Each structure stands twice: as structure tokens, then as C-alpha cells.
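Everything below concerns the one structure shown next.
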4 protein chains.
Amino acid sequence: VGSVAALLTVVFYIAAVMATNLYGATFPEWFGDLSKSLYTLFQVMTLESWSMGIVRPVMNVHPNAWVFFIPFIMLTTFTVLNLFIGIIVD
Amino acid sequence: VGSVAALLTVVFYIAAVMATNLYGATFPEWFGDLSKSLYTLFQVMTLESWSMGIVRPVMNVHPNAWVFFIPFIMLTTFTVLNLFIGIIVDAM
Amino acid sequence: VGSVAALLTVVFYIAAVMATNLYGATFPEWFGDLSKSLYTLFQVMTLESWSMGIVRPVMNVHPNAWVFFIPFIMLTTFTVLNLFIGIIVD
Amino acid sequence: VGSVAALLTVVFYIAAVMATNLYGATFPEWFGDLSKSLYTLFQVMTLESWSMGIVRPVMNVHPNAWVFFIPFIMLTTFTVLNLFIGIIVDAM
Ligand SMILES: [Br-]
Ligand SMILES: [Br-]
Ligand code: NA
Ligand code: NA
Ligand code: NA
């Protein structure tokens, strides 16, 4: 469980490092600093306006942005539930 | 589990083939090519703006569009969770 | 499981009968006929724009509309997961 | 289970007391009275427009508003599922 929470933090920071670099210049309100990114990625992880709100307007500049977001969502959303189930089991 | 992931991919591609044909001409931004569709259907699967954002404006042109989306949502959303639970069970 | 699916259908139709009567005249696009309602209630059940999209504009006319929606959401969302878990267990 | 439901109500009321005080003057439609807050926090708990709809416009006035909402979401969303699983377990 502690190992799962460790993996998620490592993935979460690395993803926010990558997102800052990739879309920060073109989309500063969402990926401007590392902070803005960690906030946006948590939001995208919770799925609130992930597509119409974030990915779709982002893809209008970077057409392959989905190669980062869809796997991010697939990974984090799986891990978060898996971690929460693990807490409940323990 | 691998069989569940196989079913989902087959369903996902067939649904995106169908959606492209059905609503692609009337709604090109969302169902224009097969690619646009696979992206939209994953989004509809995660439920982000599925109705107000997609189904409702789609239904304004095709009034029975709900016959495709509601079962799609019921099937995929069930399968995804069922697959993820299956991964967790096979891990323990 | 079949009993759970039966309860949900009964609740779902009764809620759509009630919603049609309550907000159909004032909000026809969402609760006009019984059909429009069954569609809106499934959407509200999935949570897509339940508040900002439906409840909030509805409450601007009917200020207590939350007494119907919040319990509806609490009941249906519990039952749906409970049913899906039941299918998986069986 | 009853203890979990008790914790959630205590947390839910305290959070809505805090939110009313913090953002009520600047955002009255959402955190004006204690009632408006309990409604908004349930909505934020279900995640419907939590960020683009609530937190993001709130953060434009209070830049650290995320210190209240993100932990609120992490706590309540965990507890709600944990309670619902607990009901299901106690039923079997
Ligand atoms: Br998912
Ligand atoms: Br809920
Ligand atoms: Na939304
Ligand atoms: Na959602
Ligand atoms: Na959701």
C-alpha cells in the first residue's frame, strides 16, 4: 500500500514535469509552472473536464496530446482505485 | 482478464466503426474519421461531458442517438471496472 | 441480482414519473415528457453535469429541487455499484 | 458502518462551516450560507465541475483554495466508497 502510494507520487511528479515542458508555453494557465501542472493532472485524474475542458483545446495546438493524457488517465485511475481497495483490505 | 481486455478492444473498435458511419457527416469534430471516434468514445466511456457535451447536441440531429450511447456506456463502464477488479484479484 | 435490477427499474420509472410532473412545465427540454426525464435521470445518475448543468438552473425556479435529486443520486449510485458488484460476485 | 456515516457527517458539516467562512463573501452563490456550502461540497464530493466550475474560479481570488478542496476530495471520496463497500460487506 505504502509502495503503491510511493509509485503514484513518483509517476505524478514525473508526469507534471513532462506536462510542464510539453504544453506550458502554449497553455500557461494549465501547465505554466510545475505547480499549475500537478493541479491540472490531479483534475484530469479525477476526470473533471479532462477532454472538452483540457485535452480537446490542448490537441488543437498539439494533435498527439492524447498519447500522454489517455495513458496517464489509464495508469493513475487504475492505481488510485487499486490503492484505495488496498487500504480497505488492510 | 486477457479475454476481457480482448472483448473490450473488439467492442471499442466496432462501436467506433459504427459511430464514424452514423454521426461522422453531421458531427465531424467528434466522429469524422475512425480516430476521432475512438477518442470520443473513450471520453464518453469515462463519462466526461457524455450528455450535455456530446449526446444532447448529437440527439438534436439524430433523435434516437441514445439507443447507441446509453447501451455503449452500460456495457463499457461495466466491463472496464470488471476488468480492473479482475487485475486486482489475479494480483492477490 | 435480478431483484436489484427490478428495484432499480421500479425506482427509475417512479422517479421519472415524479420529475416529469415536478419540473416538466418549467424545464421542458429536460423533463417535458416521461422519455426526456428517463434520459435526464440516467444522466444525473452517471453524474454528468448533475449540478451546474441540471440541479443549479432547476433550483433557480424550484429552490428545494435538491430534496429530490440528492436522495435520487444517493440511492441510484449506491444501487448501480451494488448491482455491478453482485454481477461480478455471481 | 454507522461510525463511518457519523464521521462523514461531522467532517461534512465542519467543512461546510469552514468553506462558508472562507469563500462565502467572495463567492455567495456557492458558499453564502451554511446551506449553499453543504450543497456545493456534496457536488464537489461527487466531482461534478469541481475544478473548472468551482475551484479554478475560486482560486482566482484565493490562490491556495486547493489546500482545502484537494484534501476534502481525497478524504470524502475515500470515505464514501469505503462506507458503501462496508454496507455491501455487512449485507453479505
Ligand atoms: Br478508466
Ligand atoms: Br455518491
Ligand atoms: Na463537466
Ligand atoms: Na465525471
Ligand atoms: Na464521475
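See the values below:
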| read-out | value |
| --- | --- |
| Unique match (being within 16 Å of ligand 4 (Cβ to nearest atom), more than 13 Å from chain C (Cβ to nearest Cβ) and of a type outside the set (A, V, I, L, M, F, W, C)) among D:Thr76, D:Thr20 | D:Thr76 |
| Output for region C:48-65, where each listed residue is at the interface with another protein chain (Cβ under 9 Å from one of its Cβ atoms) and crowded, with 19+ Cβ neighbours inside 10 Å | C:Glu48, C:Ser49, C:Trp50, C:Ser51, C:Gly53, C:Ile54, C:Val55, C:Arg56 |
| Residue count, region B:46-61 (criterion: within 13 Å of C:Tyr39 (Cβ to Cβ), more than 16 Å from ligand 5 (Cβ to nearest atom) and β-branched (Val, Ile, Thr)) | 1 |
| Condition met for C:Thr9 (part of a helix (DSSP H, G or I), among the β-branched types (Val, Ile, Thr) and surrounded by 13 or more Cβ atoms within 10 Å (Cβ to Cβ)) | no |
| Residue match in region B:72-82 (condition: over 26 Å from C:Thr40 (Cβ atoms) and either out of contact with any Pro (no Cβ under 9 Å at 6 or more places or on another chain) or of a type in the set (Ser, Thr, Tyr) (or both)) | yes |
| A:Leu22 being hydrophobic (A, V, I, L, M, F, W, C), away from chain B (no Cβ under 12 Å) and within 16 Å of A:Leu8 (Cα to Cα) | no |
| Region C:39-90, residues that are among the small types (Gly, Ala, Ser) and within 16 Å of ligand 4 (Cβ to nearest atom) | C:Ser49, C:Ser51, C:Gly53 |
| Test: D:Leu34 is farther than 17 Å from C:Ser51 by Cβ and more than 8 Å from every other protein chain (Cβ to nearest Cβ) | yes |
| Restricting region D:45-73 to residues that are more than 9 Å from chain C (Cβ to nearest Cβ) and β-branched (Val, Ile, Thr), the residue that is farthest from the chain's Cα centre (by Cα) | D:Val61 |
| Condition check for B:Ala6: away from every other protein chain (no Cβ under 14 Å) and either within 9 Å of the chain's Cα centre (by Cα) or within 16 Å of ligand 3 (Cβ to nearest atom) (or both) | no |
| Some residue of region C:25-32 being surrounded by 15 or more Cβ atoms within 10 Å (Cβ to Cβ), under 12 Å from the mean Cα position of the chain (by Cα), away from ligand 4 (no atom under 16 Å from the Cβ) and part of a helix (DSSP H, G or I) | yes |
| Flag if C:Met45 is surrounded by fewer than 17 Cβ atoms within 10 Å (Cβ to Cβ) and either among the aromatic types (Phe, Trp, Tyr) or closer than 27 Å to D:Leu41 by Cβ (or both) | no |
| Hits in region B:45-72 (condition: within 11 Å of ligand 4 (Cβ to nearest atom), among the polar types (S, T, N, Q) and on the phi < 0 side of the Ramachandran plot) | B:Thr46, B:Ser51 |
| Set A:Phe84, A:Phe27, A:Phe12: member being of a type in the set (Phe, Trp, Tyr) and under 19 Å from D:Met59 (Cα atoms) | A:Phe27 |
| Residue among A:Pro57, A:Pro63, A:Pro71 that alone is over 30 Å from C:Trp50 (Cβ atoms) and either more than 16 Å from ligand 5 (Cβ to nearest atom) or not aromatic (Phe, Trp, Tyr) (or both) | A:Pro63 |
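Residues checked against (1) of a type in the set (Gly, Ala, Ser); (2) at negative phi; (3) more than 9 Å from every other protein chain (Cβ to nearest Cβ); (4) not in a helix (DSSP H, G or I):
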{"residue": "A:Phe42", "(1), (2), (3), (4)": "no, yes, no, no"}
{"residue": "A:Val67", "(1), (2), (3), (4)": "no, yes, yes, no"}
{"residue": "A:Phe78", "(1), (2), (3), (4)": "no, yes, no, no"}
{"residue": "A:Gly86", "(1), (2), (3), (4)": "yes, yes, no, no"}
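Ideal geometry is used to build each Cβ from the backbone, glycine not excepted, and the neighbour counts take in all protein chains shown. Here, each number is a calculation from the coordinates, and none is a lab measurement.
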